[PDB]
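So you can see what is in the structure, the chains are spelled out below.
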Amino acid sequence: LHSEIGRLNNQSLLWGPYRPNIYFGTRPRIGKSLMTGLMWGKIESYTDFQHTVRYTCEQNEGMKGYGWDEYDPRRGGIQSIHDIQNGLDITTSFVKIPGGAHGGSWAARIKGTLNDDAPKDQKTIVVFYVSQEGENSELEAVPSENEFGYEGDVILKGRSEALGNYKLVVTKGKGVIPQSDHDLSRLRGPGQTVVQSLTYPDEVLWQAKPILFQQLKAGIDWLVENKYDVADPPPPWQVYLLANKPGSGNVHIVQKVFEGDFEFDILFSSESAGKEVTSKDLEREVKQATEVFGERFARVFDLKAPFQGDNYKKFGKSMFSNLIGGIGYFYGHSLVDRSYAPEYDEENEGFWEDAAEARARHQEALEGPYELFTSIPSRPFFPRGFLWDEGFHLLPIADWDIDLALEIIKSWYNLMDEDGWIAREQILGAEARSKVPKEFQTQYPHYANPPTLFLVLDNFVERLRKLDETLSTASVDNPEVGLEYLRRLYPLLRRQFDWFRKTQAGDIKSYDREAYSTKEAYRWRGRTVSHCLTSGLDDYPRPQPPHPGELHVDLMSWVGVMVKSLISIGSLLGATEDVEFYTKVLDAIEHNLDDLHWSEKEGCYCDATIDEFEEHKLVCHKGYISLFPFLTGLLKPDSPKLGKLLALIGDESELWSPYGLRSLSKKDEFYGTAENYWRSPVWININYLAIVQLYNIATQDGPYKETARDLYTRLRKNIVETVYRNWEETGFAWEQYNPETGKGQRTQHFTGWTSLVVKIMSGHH
Ligand SMILES: NNNc1ccc(NCCOC(=O)NCCN[C@H]2C[C@](O)(CO)[C@@H](O)[C@H](O)[C@H]2O)c([N+](=O)[O-])c1
């Protein structure tokens, strides 16, 4: 029955708009298969279209906003694009119809509505782009009755081993199609839908924009050749309408020109299913999907006071839909340095200069291919997997569809190498590589990243302890299924644990360092003078200079998080030899956090180094780092240390702003310095951890109960209102929030762990 549920999940999740890097497009969870993409742009002149056309996601002054209004990857949803430049408000509805043996059918409706500023007679070019990779697969446009293009629907017939037999139809659609009186209409028609079928080597099929432009250019070249000129030029839109040449190939370009408002549909019909999909089907399923989404939202994200109002409900649906609608499928090679140069060991003073020299050797090579199914921090700026981000993305996703979250964990864990390493950024394939400068593509097997995915696993364990509806929860309703999942995953968690202890170990025994355990001390590899990218907290101030004797209290705390889950899961599997080892490490970390990291003087945790004169020195920068033992759930509810941290969190002159907890204290010398990334702004992921821990203390007998209750209440309020006010004003979730003004700054469309705000509002942790 475990294998049964796995097959049902496979079939359920196969199709999706799993191309978050573009406004709109579909692909299935198969590396080499069928992919679709939407392009549009107004055409007003002979040279404007190339600047107006939209394809990959961006955010600038010309695009007001975009995102999913509702989305469930099992069913589909609706996306809204608000394009100032092209004067267009676009709707893309996408829906899945289960059936057959090949992962079902789907349909999309693309609807374009001119805004008020647009000339009533704007010409808009719309392109649907279709590609198929594979050695033994086929795809063909059925030619039209008419000479020059299509009066009605365009039918593509294809086949592959992955998908079997299928048909993809691009319907005729509603809207005025402009007509030309030019001479040229005698050879190119007066204006009609057109198809060009082409073939390129598989590996470049993804470059839709250049492929399309290469065709437009050849069209124009043909004009110049055949004596069409400025004596008497055809209208711009006709100059950019391709000559109709349907046939067979691995690329098919469907082009339409509309005057005024438009709509058309794409229907993908799996032949192995019932009868083929119709437009009337699409409308039904769209309506049905909405109802289903609505009802689930109210059960799963039941917003509590003072956020019960409809305004906060629209806000919640927007934050949730955009996070889950980021889910993508990636496939291809990664760029890894597998030299393991000894300089990466970072054992010397000045190691950063060594490791730069090792990097300058450039021994990195492509390897793979790999696949990943994952949600993403930002469609326009970060459309790929990020290790510790995913930990946060999956927390609300898990509430919604636990089986989906587990799928994404499985996907992530399947990437882990024999050593136990997973790269912190997953850039798979040329398409993903295309948005990342070369200098930043290379992953390093010594670079770790917070194991935030353990948090999601914790939520699963506690739920396990105490047809789409059925599938979404199958892994908790069927305990044998739950356990088998953990059984298969458990070894890899353990490998990761050990990998941490091997590669990220700090130096106790070689120094004048007294402490309860000789084993337990951690230092992030990869740090520069200015940065510690691997910790997640890029420029949070650390010991200067960096030094092989550093210990990092955040890293040690993460280790604690892992052991606690390893205990929980190990128990469920009866791996007693293991569970006993874990307990001794937990015990040691608890003592060692105190022995090595606690400053009695400052009243918080700190990172350590080694002096000019070789003694252990604590270095305190009051901020997120300082609270780590608390945020990660390691301190007992009656601890005096905890009480002292509650004082720190509450203190307006340190961390507590009207807008949330500041990343760094206003008292710290490093406040608001350098790039001021993690040196003062309010970050929702860390605020979320605090809100959760405060709630724990608040709902449990103890000395800090009512102080925590007070902080919980006010912090939940502050964080939600900050993210909400900004959403109301700007349309966007932001990466971080300004502690002085409350304004969102840095990356937009950050959904992204900012979306955790849905879980904060709904509460009852
Ligand atoms: N002006 N542009 N400079 C610039 C510098 C470096 C790079 N490439 C390194 C790839 O890493 C990054 O993206 N940047 C670090 C920012 N990290 C943020 C966000 C996130 O990393 C993902 O949400 C979280 O995980 C981190 O916790 C959080 O601190 C690029 N680039 O174009 O890729 C551009």
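The rules behind these values
- Residues numbered from 1 in each chain as written, not as in the entry; some residues may be left out.
- Heavy atoms only, no water.
- Residues with missing side-chain atoms left out of burial classes, pairs and counts.
- Near = heavy atom within 4 Å.
- Polar contact = N/O pair within 3.5 Å; in protein donor to acceptor, adjacent residues only side chain to side chain.
- Areas by Shrake-Rupley, 256 points an atom, 1.4 Å probe, with all protein chains shown as cover.
- Nonpolar A, V, L, I, M, F, W, Y, C, P; charged D, E, K, R; others polar.
- Domains from an automatic or database assignment.
- Buried area = accessible area lost by both parts, 1.4 Å probe.
- Salt bridge = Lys/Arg side-chain N within 4 Å of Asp/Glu carboxyl O.
- Helix = DSSP H or I, 4+ residues; strand = E, 2+ residues; numbered from the N terminus.
- Buried < 20%, exposed > 50% of the residue type's maximum accessible area, 1.4 Å probe, protein only.
- Pairing = 2+ DSSP bridges.
- Expected span 1.5 Å × (residues − 1).

Deposited coordinates in this entry are attributed by the record to X-ray crystallography, at a stated resolution of 2.6100 Å.

*Asks:* Describe the site of the ligand, and please don't skip the residues or the numbers.
*Replies:* Around the ligand, the surrounding shell holds 16 residues, and the nearest of these are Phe-382, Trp-388, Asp-389, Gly-536 and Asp-538. The side chain of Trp-388 places a nitrogen or oxygen atom 3.0 Å from an oxygen atom of the ligand. For the ligand, whose free accessible area comes to 700 Å², the fraction covered by protein is 68%. In terms of residue class, the shell around the ligand is made up of ten nonpolar, one polar and five charged. Residues lining the shell around the ligand come from more than one domain, with at least three contributed by each of domain 2 (331–499) and domain 4 (636–765).

*Asks:* Let's hear about the domain arrangement of the chain: which residues, and what values?
*Replies:* By the assigned domains, the chain splits into domain 1 (21–273), domain 2 (331–499), domain 3 (504–620) and domain 4 (636–765). For domain 1 and domain 2, the distance between their C-alpha centres works out to 34 Å. Approximately 1,700 Å² of surface area, both sides summed, lies buried where domain 1 meets domain 2, with 52% of it carried by carbon and sulfur atoms. For domain 1, the biggest contributors to the area lost against domain 2 are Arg-29, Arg-74 and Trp-206; these three give 38% of the whole. Counting across the domain 1 and domain 2 interface gives three salt bridges. With its nearest N and O atoms 2.7 Å apart, the salt bridge here joins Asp-401 to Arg-74.

*Asks:* Go over unusual backbone geometry, please, and point to the residues and values.
*Replies:* Apart from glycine, the bulk of residues carry a negative phi angle, and the bulk of peptide bonds sit in the trans form. Residue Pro-369 is reached from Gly-368 by a cis peptide bond, and omega for that bond is 5 degrees. Following the sequence through the fold, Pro-369 ends up in strand β16 (residues 365–374). Cis geometry is adopted by the peptide bond preceding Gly-752, which originates at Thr-751 and carries an omega value of 0 degrees. Not every positive phi belongs to a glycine, and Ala-674 is a case in point at roughly 55 degrees. Tracing the backbone through its elements, the reader meets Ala-674 in the loop between β24 (660–661) and α19 (684–698). Look at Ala-674 and you get exposed, because its relative accessible area is 70%. One non-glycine residue, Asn-676, lies in the positive phi region at around 50 degrees.

*Asks:* Lay out the pairing of strand β25 (residues 734–737) with the relevant residues and their values.
*Replies:* The sheet contact formed by β25 and strand β26 (residues 744–748) spans three bridges and is antiparallel. By the bridge assignment for β26, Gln-736 is matched with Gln-745. In sequence, β25 turns back onto β26 through a hairpin of six residues, with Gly-742 there showing a positive phi of about 85 degrees.

*Asks:* Go over helix α10 (residues 402–413) with me, naming the residues and quoting the values.
*Replies:* Taking 1.5 Å of rise per residue, twelve residues should cover 16 Å, and α10 covers 16 Å from first to last C-alpha, within 8% of that figure. The buried fraction of α10 amounts to eleven of the twelve residues, a majority that puts the element mostly inside the structure.

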